[PDB]
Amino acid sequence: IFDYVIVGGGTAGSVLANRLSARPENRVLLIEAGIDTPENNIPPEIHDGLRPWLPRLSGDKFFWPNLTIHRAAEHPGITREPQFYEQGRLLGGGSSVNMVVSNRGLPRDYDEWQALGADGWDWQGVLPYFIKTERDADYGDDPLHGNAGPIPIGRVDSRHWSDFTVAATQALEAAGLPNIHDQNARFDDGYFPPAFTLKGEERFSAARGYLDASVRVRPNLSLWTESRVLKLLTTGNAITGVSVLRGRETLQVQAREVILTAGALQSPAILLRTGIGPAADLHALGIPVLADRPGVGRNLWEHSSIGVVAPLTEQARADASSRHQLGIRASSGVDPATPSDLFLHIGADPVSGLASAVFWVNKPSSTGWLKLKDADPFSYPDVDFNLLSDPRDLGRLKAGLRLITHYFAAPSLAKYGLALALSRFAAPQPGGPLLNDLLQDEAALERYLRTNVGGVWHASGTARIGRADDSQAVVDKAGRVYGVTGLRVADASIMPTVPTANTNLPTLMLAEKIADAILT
């Protein structure tokens, strides 16, 4: 009988398995559905940190196969297609297959968490957990940084920037933007070398960080790889264990405490199947109701993304002569409440022959939801990110595009004479209209955006921390699921809102914090 069964050996699951098992009396099982990634035998596609997009070139190999989602809000005169949503399926989860960038967001993100009912999750309260996770190679001795944590964070030196990146930076300075240097302790608009997590040229997932060999030899830690949890075992309103599929064999495992860390799309599907969710939905699926919690699978957040590409002209290609070089935090101007609501990257890829300015709404207004299609443990949920449902997000994307127009008009970048066209975010390519033309035609620009808006794999919020009297809350400040015993959620599902950040570093932090709450 395990004290803790942790379901999902991803970003959050890895931290929890490590921190909980640090006390020897704690018998802890970490169950991960995908392949193990032993530090001495990491798949070479995974292991290459300089080319972190490589896993997404192995098709399904490292993801949840055929996990499809709806992206944009349904809207008259557009037929939406389902879209494959990458989610890691292996030890380290998203941290094993992501683009290696590691940023925290803005104080205001977390102060809003507390304001929305997550007591002690304000900036003051999360910051120790950001410090504890990291070893910042550049600023680690400075006050808002850690120097001892398991996860390294570093940035390229600005002096190593390509002539192309420099030119972009001169363009941004011309618009009045500073180099803020450290996006993780400086929180106003400007540009910077992005903080990323690598070890030399190698990926450094949370499995490398939290589940190294010494941790693995702990007699009180069990690690089940290629093992899929199918159902939560209950008695009364108490979670009591898990049924797990290994080979063809299903096992029951008893547990004092189940902690779900199965990712923001699969953690709430597991709750819903257990009978924890909106009652009428569950009734509709013949699922007996443990707890009527209507926030389970609501409040699904993401960042809403788009691309601009241009063929590289000779000057630009010469100047563009792998690591994350440049990031831009900017304000759309669409809502006073949401400075720094846009993130942008400007760079060039001589390989595809494209210069790119890709960007997303980092502080969005739109949210969607996910539900079960049926009771089958094998089904994915029905997911609808509902992007651009709130018109402010459409406003933000248009603002971003104008900013790009403005920056590329600056002498430093206009000299290249790039003809910029719209593109999908995730695999940027030709085929979209010219930027200058679309910005001249508003309805056509609205239709394009609604049609081609993407995500940035920052799914979150589906089992939100909320106040103990909030009918729409799912978990309390320590991740305990309201209405049942024996169950916690401790992944990106619990974020009351997505931060102004890529979600990995915030997921590490929240797992450290939740581990602390448990150990305290």
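One rule holds for the numbers: they count along the sequence shown, beginning at 1.
Going from residue 321 to residue 322, you skip over 4 to 9 residues of the deposited sequence that the entry leaves unmodelled. 300-308 and 242-250 differ in mean CA B-factor, and the higher of the two is recorded for 242-250. When the mean C-alpha temperature factors of 51-59 and 457-465 are read from the deposited coordinates, 51-59 comes out higher.
Across 478, 492, 42, 28, the entry's maximum B-factor at the CA atom is seen for 42. In the PDB entry, the Cα temperature factor peaks, among 282, 397, 185, 115, at 282. Sort the modelled residues of the chain by CA B factor and residue 486 lands in the lowest third. The deposited CA B-factor of residue 121 belongs to the lowest third of values across its chain. In the deposited entry, the Cα temperature factor of residue 173 places it in the middle third of its chain's modelled residues.
When all modelled residues of the chain are sorted by CA temperature factor, residue 336 is found within the highest third. Ranked against the other modelled residues of its chain, the C-alpha B-factor of residue 208 as given in the entry falls in the middle third.
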